[PDB]
């Protein structure tokens, strides 16, 4: 059974990586591009980009460990631990050539360490809508003169006593709608059917827990990255951020400048946090053009 409809010409499949059964959807021909989703979502957030990208690239979109249809990690949920699974998965399909990486939301947390540690393996990098975990996150305000801040959920999700699972269980559909729409500019793209699909997936008890374990490991990820960041990224990089309600604005590019020698960035007016769904056409265009500057 599939949690989300697979696009025509793609296959839903599984690979064991270090004893963890990872789910992915894969299609196309050419050099490999890996697309990595974030919280509240699955591989499916890429379903509109995948068909167009598959015209020029072999495209793979995995479910993060514990989410979608992927087994939980056996090591842990820190960025460095999770990135190993994603790196080895990619290498199973692109052993002889570097591959491209596109990541969104906590997809960034779960890929950065494998990028900085295996630079020869990464041809081009696209990062959108999420801080790389570092001391910058400790400056985000708890509360704003407009109400809810962007990242108060960091503390909610990281809290012990299984605070988040306990409060959210039985109300996954309600919570996810509030969470997604509150960080959106374009709330309409999130139909009741779409939210139904996402809620059913993350409502699996192991997935609801997995979701929050990423946040419970965030400080550890920050400590890990403090060491990793001593080495700058050298591959061509592009950042994307939403310029509307819910988006990161200039933060995305400004942070990445401290990490990457060769980076260009765009802020998309009228778009919030969920770029692939809120602003699919221009996001898809920018990603395709950026990756197509290389061999394909």
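Positions refer to the first chain, counted from 1.
Taking the mean C-alpha B-factor of each stretch as recorded, 104-112 and 197-205 are not equal, and the higher mean is that of 197-205. When the mean C-alpha temperature factors of 83-91 and 210-218 are read from the deposited coordinates, 83-91 comes out higher. Of the candidates 38, 249, 270, 66, the PDB record gives 249 the highest C-alpha temperature factor. Of the candidates 25, 279, 17, 286, the deposited coordinates give 17 the top C-alpha B factor.
Sort the modelled residues of the chain by CA B factor and residue 154 lands in the lowest third.
Per the PDB record, residue ranking by Cα B-factor puts residue 170 in the highest third of the chain. Ranked by Cα temperature factor within the chain, residue 131 sits in the lowest third according to the deposited record.
When the modelled residues of the chain are ordered by their C-alpha B factor, residue 223 lands in the middle third.
Annotation for residue 178: C-alpha temperature factor in the middle third relative to the rest of the modelled chain, per the entry.
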